[PDB]
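Reviewing the structure listed below.
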Amino acid sequence: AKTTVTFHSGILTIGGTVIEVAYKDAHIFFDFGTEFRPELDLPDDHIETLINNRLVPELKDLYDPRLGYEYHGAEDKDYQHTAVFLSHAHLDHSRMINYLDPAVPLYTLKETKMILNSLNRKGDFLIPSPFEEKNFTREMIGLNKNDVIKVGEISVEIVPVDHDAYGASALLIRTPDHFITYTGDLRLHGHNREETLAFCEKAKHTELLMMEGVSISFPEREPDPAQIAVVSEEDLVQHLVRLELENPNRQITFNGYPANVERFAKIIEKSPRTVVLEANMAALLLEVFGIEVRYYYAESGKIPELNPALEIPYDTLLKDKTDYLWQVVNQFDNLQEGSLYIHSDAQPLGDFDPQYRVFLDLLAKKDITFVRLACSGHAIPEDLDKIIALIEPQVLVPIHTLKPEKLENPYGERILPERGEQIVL
Ligand SMILES: [Zn+2]
Ligand SMILES: [Zn+2]
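Below, the structure is given as C-alpha cells:
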C-alpha cells in the first residue's frame, strides 16, 4: 500500500495550505484556511464562490454536507478514517474550519483552540457556518504537547513550535513505511526557541519535510525610520521598557495581535508602568495563563470571568501621563497630543495595507509619535537554513512561500510542488 501526499491548496501563495496524507482507508488533512488573492474581490464566502475562485480546493467527503457542495474531480476512494489538524490559529491556517464536516474530528493543541474561540468571539474572524450563530466556532479536540493521534494506520504527533501564535505546532506523520514532517509556521527567535530546537531533533532524518518559506518571499527593504530593529521577543520587551523609561511624563499606549499572548504576558512582566489591557485581551490572558491584569472595556456589557475591581475606567486612562501603559484599540482621536503609541504587530500590519497610511496620517495630525516595534513570527532566512541543517531532510518540499527555489536542501533532494500534485512515497 502506498502513502500518498497531495498538495490541494496554498501553493505559491502565503495562505490556504491544505495537504492530504493518505494510506489505505485513512487520510488526514492540514491545515484548513483559504487562499487570499488581494486583486480579487468577491461578494461572499459561500463555498461555491470560494471553489469557483480557487480559494479553497475541491475535496471529496470533507466539507459539511449541509452546504450542498457537490465534489467533482479525480478522487475515486472512500475513506473509513478521516481527520483534520490545525497547526495554529492564524487566519491563513484556520479561516474555513466551520466548513469542515462536523462528523470529521479537528485536532489542534488546546491553546490554539482557546485563541481561536477568542479571535472569533464576534464571528468576523472565521467564515460562519450558515447553520449556526455568526460567532459559532466548530468543535476542536484540544491536545497536549507531543500527543499522538492514530487515524487508521496513520500516526500523527503534534509538536509545539516557536511562532508568534501561542499554541503553534508542527506535525510528525508516520505510516508503517514512511516518516514525513509538516513544520507549520515557525521561528528560532521567539519566546520558546527551544521548542523549535526540540522539534528539529524529533524531525531528524525525516523522509519528507514540508516547510514554510515566508521570510525569503519578500526582499529586504530599505530601513523604515519609524521602525526599531528588533532581534527577538525578549529584545522587543527590553525596547518597550527603554521606551517607557525615556518617557516618564507622557501618555504611552500600544497594541499587539491577540494570538501573541506571550508577548502580552511578557510586557505585563517587565513593564515599569502598570499595564492595562482591553477587556477581551485580559480575559484571554486569564484563560490561557491565569494572569490577572487591569483592564478597560471597549464594548458594552461585562465579561463574567474578570474581577470587577481590576477595571479601570476608559476616562481615567485618557487622562494618564505617568502611571499606565495601556492597550489602545480604537477611538485614536482621544489620545493626547504629543503622546507615544507603540505599534507591535497589531493591525494595520504594514504599508501593503491601504489602512496603514490613513492610520499614520491620523496619528501625525495629532502629533502622536508612532513607533513600529515589530518582531516577525517567521524564521529569518538564516534560521530557515539552520532548521534544515538540524533536521537533514532526505527530501525538502518548500511551501507557504513565494520563492520556493530559494529554499535549498544540502542534505538530499528537493521537490517544488504545484497545485494538485501528488507525491507517492
Ligand atoms: Zn502564522
Ligand atoms: Zn502562515
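All residue numbers for the sequence shown refer to the deposited numbering, where the first residue is 5 and numbers rise by one.
C-beta atoms are modelled at their ideal positions from N, C-alpha and C, and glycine is treated no differently.
Asked	Found
Tell me which residue opens and which closes the beta strand (DSSP E) that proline 402 is part of.	399-403
Taking only heavy atoms of ligand 1 into account, decide whether any of them is closer than 7 Å to the Cβ of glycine 381.	yes
Need the endpoints of the alpha helix (DSSP H) that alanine 172 sits in, please.	Run containing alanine 172: none; DSSP gives neither H nor E here.
Sort out for me which residues DSSP pairs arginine 178 with in a bridge.	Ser159 and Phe183
When you get a sec, list the residues whose CB is within less than 5 Å of any heavy atom of ligand 2, chain order please.	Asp96 and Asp189
Can you give the beta carbon distance from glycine 381 to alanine 174, rounded, assuming they're within the 8 Å contact cut?	About 14 Å; that fails the 8 Å criterion.
Here's the rule: buried if 16 or more other CB atoms are within 10 angstroms of the residue's CB, otherwise exposed. What is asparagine 284?	buried
For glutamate 273, tell me which candidate among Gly72, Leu344, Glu386 and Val241 has the shortest Cα-Cα distance.	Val241
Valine 9 and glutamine 351 - do their beta-carbons sit closer together than 8 Å?	no
DSSP three-state call for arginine 361: helix, strand or coil?	helix
Does DSSP put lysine 117 in a helix, in a strand, or in coil?	helix
Just to confirm the assignment, what range does the alpha helix (DSSP H) spanning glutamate 199 have?	197-207
At the level of alpha carbons, what is the spacing between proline 317 and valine 279?	14 Å
Tell me which residues share the same chain as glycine 146 and place their Cβ nearer than 6 Å to its Cβ, disregarding the 5 neighbours each side in the sequence.	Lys114 and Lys117
Please classify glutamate 161: is it buried, with 16 or more other beta-carbons within 10 angstroms of its beta-carbon, or exposed?	buried
Name the one or two DSSP bridge partners that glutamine 340 has.	The partner list for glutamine 340 (beta bridge, DSSP) is empty, contrary to what the question assumes.
Between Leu212, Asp48 and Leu90, which has its C-alpha nearest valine 401's C-alpha?	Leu212
Anyone know if the C-beta pair for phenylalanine 11 and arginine 418 falls short of 8 Å?	no
If you drop the 5 nearest sequence neighbours on each side, which residues of the same chain put their C-beta closer than 6 Å to that of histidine 94?	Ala169
Closer than 8 Å is the cut-off here; do at least three beta carbon pairs connect the stretch 262-269 with the stretch 219-228?	no
What separation, rounded to the nearest whole angstrom, lies between the Cα atoms of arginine 246 and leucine 288?	27 Å
Looking only at its chain, what residues have a beta carbon closer than 6 Å to the beta carbon of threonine 7, apart from the 5 residues adjacent to it on each side?	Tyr27, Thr179, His182 and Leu429
Would DSSP call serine 221 helix, strand or coil?	helix
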